[PDB]
Amino acid sequence: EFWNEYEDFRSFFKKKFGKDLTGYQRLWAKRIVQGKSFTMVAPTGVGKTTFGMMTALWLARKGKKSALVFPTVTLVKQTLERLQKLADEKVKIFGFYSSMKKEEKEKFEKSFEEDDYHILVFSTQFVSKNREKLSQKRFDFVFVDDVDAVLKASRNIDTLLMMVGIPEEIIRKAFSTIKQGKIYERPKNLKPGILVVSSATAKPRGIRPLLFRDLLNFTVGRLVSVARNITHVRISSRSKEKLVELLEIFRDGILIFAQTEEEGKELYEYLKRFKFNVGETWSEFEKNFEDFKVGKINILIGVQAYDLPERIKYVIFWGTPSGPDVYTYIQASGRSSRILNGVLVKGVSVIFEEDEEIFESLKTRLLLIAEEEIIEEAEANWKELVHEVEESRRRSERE
Ligand SMILES: Nc1ncnc2c1ncn2[C@@H]1O[C@H](COP(=O)(O)OP(=O)(O)O)[C@@H](O)[C@H]1O
Ligand SMILES: [Mg+2]
């Protein structure tokens with residue numbers, strides 16, 4: 001599935017270029033197989049340009065289109081030259097530079113408007129002067145040789161992002177959101193091209209990288225998503241009464257995770273007895289799950305080891321996931337907090353746990369991994385928590 005593709009590329013490179021992939025070119029190639037956008041940081045000599053060129057070539061096999069962008073006229077000539085000696089004559093490769101032959105230009109220009117091309121090669125000045133025409137193209141791959149040159153104009157950053165299939169409205173909405181110091185999430189139904197930039201110095205400025213990581217399927221930065229706004233509260237008992245009190249104020253959108261299917265059956269019965277609008281996962285998943293998603297049901301009990309942030313507000317753990325399996329705790333609790341319509345909605349997770357040792361393990365681990373704290377019942381401002389939950393959600397639905 002994924003390794004096969006990488007190797008196909010591996011072989012192709014070896015064959016066409018004449019040598020092996022370098023350590024760096026191998027790391028990069030895997031990325032480009034998982035369709036990841038990235039920033040090339042590496043000292044000059046490693047194999048960046050050659051790789052960007054060979055990538056273009058390989059993608060042109062799948063009929064995919066590329067654009068290669070260099071800071072200087074010499075690099076445009078050089079790369080153009082190499083590319084035309086290396087290509088199967090079937091591959092349509094056009095380049096452009098001011099000092100070009102009038103005949104060669106028109107050839108470019110003709111192919112550029114007819115979209116009869118696979119690989120285009122030009123300079124940062126072409127990008128500056130053809131913002132309109134370029135913005136109307138979707139490329140499967142865009143390689144920018146020295147990004148510090150073209151980063152100079154914010155206008156050009158936009159164009160690049162547009163050349164990979166990202167509509168201006170989305171760039172405007174992302175930039176704006178970042179302006180307000182909030183989180184942007186790219187729409188996952190949009191499948192933009194790959195953007196790879198070479199940075200000579202891993203330059204400082206904060207905005208380009210943010211815009212990029214937000215809009216492009218970038219290399220993963222963090223192990224725990226910044227999109228978590230959750231308070232963890234621990235009650236040191238398995239009291240059903242105490243659970244009932246929490247239910248009484250939580251009221252809606254509640255997930256309960258039992259350690260076993262029996263433990264979850266005992267609770268279900270107890271909550272059905274006290275006439276709570278409840279449902280379980282085991283007997284009839286899809287019916288209950290959709291009643292919960294609708295509103296018909298307020299509480300969904302389930303079992304650890306197995307709907308919508310709109311819907312999930314409160315997560316309750318009837319016993320700590322055994323391990324503690326912190327990974328599962330983190331995923332589950334993370335259900336109660338998700339960016340919704342541009343808003344990082346509020347969530348609350350409560351753990352019923354008698355065992356001090358178990359809970360001490362989960363607690364220290366969670367602080368080490370998520371950097372998130374687990375407070376005791378008595379530190380908990382239920383009124384503020386519930387309010388945060390309701391109001392955060394109420395902002396989201398303003399759309
Ligand atoms: N995989 C490889 N194995 C051996 N030599 C390579 C490889 N890739 C590129 N080269 C050679 O290294 C030289 C410089 O590489 P280049 O792609 O220009 O790196 P950078 O963009 O980091 O300066 C080129 O002349 C090229 O022939
Ligand atoms: Mg180079």
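Residues take their numbers from the sequence shown, with the count starting at 1. Any value given below was found using the heavy atoms of this structure, including those in side chains, with hydrogens, waters and symmetry copies removed.
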Going through the checks in order, is the side chain to side chain donor-acceptor pair (under 3.5 Å) test met by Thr281 and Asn288?
CA-CA 7 Å; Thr281 56; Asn288 282 182; over 6 Å; no
Side chain to side chain contact (heavy atoms under 4.5 Å, CB included) between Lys296 and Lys287: does it pass, once the steps are laid out?
CA-CA 11 Å; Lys296 288 190 194 174; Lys287 174 182 172 53; 5.8 Å; no
Derivation and outcome, side chain to side chain donor-acceptor pair (under 3.5 Å), residues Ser123 and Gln125
CA-CA 5 Å; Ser123 55; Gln125 173 170 68; 5.2 Å; no
Quick one: [atom1] on [X] to [atom2] on [Y], what's the gap to the nearest 0.5 Å?
{"X": "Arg228", "Y": "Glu371", "atom1": "CZ", "atom2": "CD", "answer": "12.0 Å"}
{"X": "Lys65", "Y": "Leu120", "atom1": "NZ", "atom2": "CG", "answer": "7.5 Å"}
{"X": "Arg10", "Y": "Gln25", "atom1": "CZ", "atom2": "CD", "answer": "9.5 Å"}
{"X": "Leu247", "Y": "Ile299", "atom1": "CG", "atom2": "CD1", "answer": "4.5 Å"}
{"X": "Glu248", "Y": "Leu243", "atom1": "CD", "atom2": "CG", "answer": "9.5 Å"}
{"X": "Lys30", "Y": "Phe2", "atom1": "NZ", "atom2": "CZ", "answer": "15.0 Å"}

Heavy atoms only: give me the nearest [X]-[Y] pair and the separation to one decimal.
{"X": "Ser337", "Y": "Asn229", "result": "OG-N, 2.8 Å"}
{"X": "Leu211", "Y": "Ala174", "result": "CD2-CB, 4.2 Å"}
{"X": "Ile183", "Y": "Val226", "result": "CD1-O, 4.3 Å"}
{"X": "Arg155", "Y": "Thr159", "result": "O-OG1, 2.9 Å"}
{"X": "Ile235", "Y": "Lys242", "result": "CG2-NZ, 3.6 Å"}

Answer yes or no: is there a donor N or O on one side and an acceptor on the other, between the side chain of [X] and the main chain of [Y], under 3.5 Å?
{"X": "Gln304", "Y": "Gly319", "result": "yes"}
{"X": "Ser392", "Y": "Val345", "result": "no"}
{"X": "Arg131", "Y": "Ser128", "result": "no"}
{"X": "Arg393", "Y": "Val389", "result": "yes"}
{"X": "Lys107", "Y": "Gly95", "result": "no"}
{"X": "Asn341", "Y": "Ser396", "result": "yes"}
{"X": "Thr39", "Y": "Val197", "result": "no"}
{"X": "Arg26", "Y": "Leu21", "result": "yes"}
{"X": "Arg311", "Y": "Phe292", "result": "yes"}
{"X": "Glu261", "Y": "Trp282", "result": "no"}

Can you list the steps and then say if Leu216 with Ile166 is a side chain to side chain contact (heavy atoms under 4.5 Å, CB included)?
CA-CA 9 Å; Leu216 294 164; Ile166 304 165; 3.7 Å; yes
Flag the pair [X] and [Y] as a salt bridge only when some basic side-chain nitrogen lies within less than 4.0 angstrom of an acidic carboxylate oxygen.
{"X": "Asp115", "Y": "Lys137", "value": "yes"}
{"X": "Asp252", "Y": "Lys313", "value": "no"}
{"X": "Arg394", "Y": "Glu390", "value": "no"}
{"X": "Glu353", "Y": "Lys363", "value": "no"}
{"X": "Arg395", "Y": "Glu391", "value": "yes"}

Evaluate the criterion side chain to side chain contact (heavy atoms under 4.5 Å, CB included) for residue pair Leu57 and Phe13; output intermediate values, then yes/no.
CA-CA 9 Å; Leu57 267 192; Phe13 183 99; over 6 Å; no
Can you confirm whether more than 12 heavy atoms, excluding those of [X], are under 6.0 Å from its [atom1] atom?
{"X": "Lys90", "atom1": "NZ", "result": "no"}
{"X": "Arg365", "atom1": "CZ", "result": "no"}
{"X": "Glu384", "atom1": "CD", "result": "yes"}
{"X": "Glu185", "atom1": "CD", "result": "yes"}

For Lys92 and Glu114, what are the C-alpha separation, side-chain angles and deciding distance, and is it a salt bridge (charged side-chain N to carboxylate O under 4.0 Å, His left out)?
CA-CA 12 Å; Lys92 318 166 177 159; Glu114 300 177 316; over 6 Å; no
Would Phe257 end up clustered with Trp318 when hydrophobic side chains under 4.5 Å apart are linked, directly or stepwise?
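The answer is no; the residues belong to distinct hydrophobic clusters.
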Taking the six-membered ring of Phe359 (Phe, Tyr or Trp), confirm whether the NZ or CZ of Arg234 is under 6.0 Å from its centre and within 45° of its axis.
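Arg234 over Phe359 ring: yes.
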Give a yes or no on whether the ring-centroid distance for [X] and [Y] is below 6.0 angstrom.
{"X": "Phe126", "Y": "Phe108", "value": "yes"}
{"X": "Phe274", "Y": "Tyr270", "value": "yes"}
{"X": "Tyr117", "Y": "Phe94", "value": "no"}
{"X": "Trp58", "Y": "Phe51", "value": "no"}

Verdict with reasoning, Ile256 to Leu271, per side chain to side chain contact (heavy atoms under 4.5 Å, CB included):
CA-CA 11 Å; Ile256 301 188; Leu271 291 171; 4.2 Å; yes
side-chain contact (heavy atoms from CB on, under 4.5 Å) partner of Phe175, chosen from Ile207, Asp214, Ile157:
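Exactly one candidate clears the test, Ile207.
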